[PDB]
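Engineer: Shown below is the structure under consideration.
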Amino acid sequence: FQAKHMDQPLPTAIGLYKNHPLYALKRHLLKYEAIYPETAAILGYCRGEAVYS
DNA sequence: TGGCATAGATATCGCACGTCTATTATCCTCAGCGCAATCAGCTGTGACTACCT
């Protein structure tokens with residue numbers, strides 16, 4: 001099931017990345033949330049925005 | 001027959017509305033210091049009495 005889920009390239013809507021464990025966009029990060037490491041792998045690009053786990 | 005203007009279906013991000021929890025100061029009340037008019041003991045005054053000449 002995890003392998004099948006990873007087969008999805010990226011959702012079509014930026015809003016789908018909000019508070020999503022597999023999506024986790026940049027703008028949606030809360031006050032206490034930060035990307036570590038800052039050199040993490042990019043899962044994809046949605047409308048110019050990089051996707052991180 | 002072939003390329004592109006234009007009408008249809010579908011979301012989509014930005015903007016505003018309803019709601020909550022934070023991680024270290026403020027406010028009544030009592031025992032101990034004061035200020036203002038009587039009253040008793042210290043001090044001053046008058047009289048009793050032993051002592052010296």
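Identifiers in this document derive from the order of the structure tokens: chains are assigned A, B, ..., residues are numbered from 1 separately in each chain, and ligands are numbered from 1 in order of occurrence.
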Please find the residues of chain A near chain B - the criterion being any atom within 9 Å, counting only C-alpha atoms (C1' of nucleotides) - and write them as a short mmCIF file (atom, residue, chain, number, x, y, z; two decimals) with N, CA, C and O atoms, in the first residue's frame.
Structural biologist:
```
data_model
loop_
_atom_site.label_atom_id
_atom_site.label_comp_id
_atom_site.auth_asym_id
_atom_site.auth_seq_id
_atom_site.Cartn_x
_atom_site.Cartn_y
_atom_site.Cartn_z
N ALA A 13 -3.79 20.20 -6.38
CA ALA A 13 -4.13 21.41 -5.65
C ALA A 13 -3.12 21.67 -4.55
O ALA A 13 -2.70 20.75 -3.84
N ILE A 14 -2.73 22.94 -4.41
CA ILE A 14 -1.83 23.35 -3.33
C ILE A 14 -2.48 23.09 -1.98
O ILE A 14 -1.82 22.65 -1.03
N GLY A 15 -3.79 23.33 -1.88
CA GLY A 15 -4.50 23.09 -0.64
C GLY A 15 -4.43 21.66 -0.14
O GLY A 15 -4.51 21.43 1.07
#
```
Engineer: Identify, with DSSP run on backbone atoms, the residues in chain A assigned to strand (DSSP E), and express the list as number ranges by chain.
Structural biologist: A: 44-46, 49-51
Engineer: Keeping C-alpha atoms, export the residues of the selection given above as a short mmCIF file (atom, residue, chain, number, x, y, z; two decimals), in the first residue's frame.
Structural biologist:
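Wrote it out as selection_39.cif, contents follow:
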```cif
data_model
loop_
_atom_site.label_atom_id
_atom_site.label_comp_id
_atom_site.auth_asym_id
_atom_site.auth_seq_id
_atom_site.Cartn_x
_atom_site.Cartn_y
_atom_site.Cartn_z
CA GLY A 44 8.20 17.40 -6.39
CA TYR A 45 7.09 20.83 -7.51
CA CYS A 46 3.52 22.15 -7.46
CA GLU A 49 6.59 25.16 -4.75
CA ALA A 50 8.87 22.37 -3.54
CA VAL A 51 7.48 19.33 -1.71
#
```
Engineer: Output as a ChimeraX atom specification all residues of chain A that backbone DSSP marks as alpha helix (DSSP H).
Structural biologist: /A:2-6
Engineer: Please list as a ChimeraX atom specification every residue within 6 Å of segment 21-34 of chain A, counting only C-alpha atoms (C1' of nucleotides) and excluding residues in the same chain fewer than 4 positions away.
Structural biologist: /A:17,51-53
Engineer: Store the residues picked out above, limited to N, CA, C and O atoms, as a PDB file, in the first residue's frame.
Structural biologist:
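Once everything was written out, this is out.pdb:
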```
ATOM      1  N   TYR A  17      -1.824  19.911  -0.075  1.00  0.00           N
ATOM      2  CA  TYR A  17      -0.571  19.785   0.659  1.00  0.00           C
ATOM      3  C   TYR A  17      -0.669  20.279   2.095  1.00  0.00           C
ATOM      4  O   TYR A  17       0.263  20.054   2.876  1.00  0.00           O
ATOM      5  N   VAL A  51       8.184  20.241  -2.598  1.00  0.00           N
ATOM      6  CA  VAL A  51       7.480  19.326  -1.707  1.00  0.00           C
ATOM      7  C   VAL A  51       8.504  18.541  -0.901  1.00  0.00           C
ATOM      8  O   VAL A  51       9.466  18.002  -1.461  1.00  0.00           O
ATOM      9  N   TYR A  52       8.299  18.473   0.411  1.00  0.00           N
ATOM     10  CA  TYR A  52       9.187  17.757   1.311  1.00  0.00           C
ATOM     11  C   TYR A  52       8.383  16.839   2.222  1.00  0.00           C
ATOM     12  O   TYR A  52       7.221  17.105   2.542  1.00  0.00           O
ATOM     13  N   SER A  53       9.018  15.748   2.639  1.00  0.00           N
ATOM     14  CA  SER A  53       8.358  14.785   3.509  1.00  0.00           C
ATOM     15  C   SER A  53       8.123  15.378   4.893  1.00  0.00           C
ATOM     16  O   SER A  53       8.924  16.175   5.391  1.00  0.00           O
TER      17      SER A  53
END
```
Engineer: Separation of atom CA of residue 43 of chain A and atom CA of residue 6 of chain A, in Å?
Structural biologist: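 Atom-to-atom, atom CA of residue 43 of chain A and atom CA of residue 6 of chain A are spaced 9.9 Å apart.
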Engineer: Grab the atom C1' of residue 9 of chain B to atom CA of residue 11 of chain A distance for me, in Å with one decimal place.
Structural biologist: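 Going from atom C1' of residue 9 of chain B over to atom CA of residue 11 of chain A covers 19.4 Å.
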Engineer: Which distance in Å separates atom CA of residue 10 of chain A and atom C1' of residue 14 of chain B, to one decimal?
Structural biologist: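 If I compute the distance from atom CA of residue 10 of chain A to atom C1' of residue 14 of chain B, I get 22.0 Å.
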